[PDB]
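Engineer: This is the structure alone, sequence omitted:
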């Protein structure tokens, strides 16, 4: 189904990090989380809730932090403000930075309900409550189905 992914070889276009230092390594995002909960902006393209069953993030945390925070998903109607934010629990993603097929279920991430499946999220702020200068390596952001 939806399998859209952003390779990080070409910098961090679209997936820039606000309030954070997004150092880029070809093929990965060596993002440093300067803020306690920095938000990573997403490309403007809308993503259908139904099409994506999960977010197949390639993210692994090279540093050891406590990844969490309410990721901001905004459908065009919702707006970045308000909207639905899911505070994902630490999924025990490797703190050693070993490769992880991190999965965030879109079906689980209902943006206020089944309306999300119909709704298309134009922009995503990836909140990363963790630690000062927490380091994560993000190879890609694949979609699910």
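Structural biologist: The structure has been received and is ready for your questions. Numbers count the residues shown, from 1 in each chain.

Engineer: going forward, measure contacts and count neighbours with C-alpha atoms only.
Structural biologist: OK.

Engineer: show me where this structure has helices.
Structural biologist: Ranges of helices in the chain, per DSSP state H, are 115-118.

Engineer: Just want the most central residue of it.
Structural biologist: residue 126 (4.4 Å; C-alpha atoms, centre = their mean).

Engineer: do you know how far it is from residue 41?
Structural biologist: 6 Å (C-alpha to C-alpha, to the nearest Å).

Engineer: Can you tell me how far residue 10 is from residue 140?
Structural biologist: 11 Å.

Engineer: neighbour count winner among those two?
Structural biologist: Shown here are residue 10 and residue 140; by other C-alpha atoms under 10 Å, residue 140 has more neighbours (19 against 13).

Engineer: For the residue nearest to the centre of the chain, give me its contacts.
Structural biologist: By C-alpha atoms under 8 Å, 6 or more residues apart in numbering, residue 126 lies in contact with 38, 39, 40, 41, 42, 70, 71, 72.

Engineer: Could you identify the most distant pair in the residues you listed?
Structural biologist: Greatest spacing in the contacts of residue 126, by C-alpha to C-alpha: 42 and 70 (14.8 Å).
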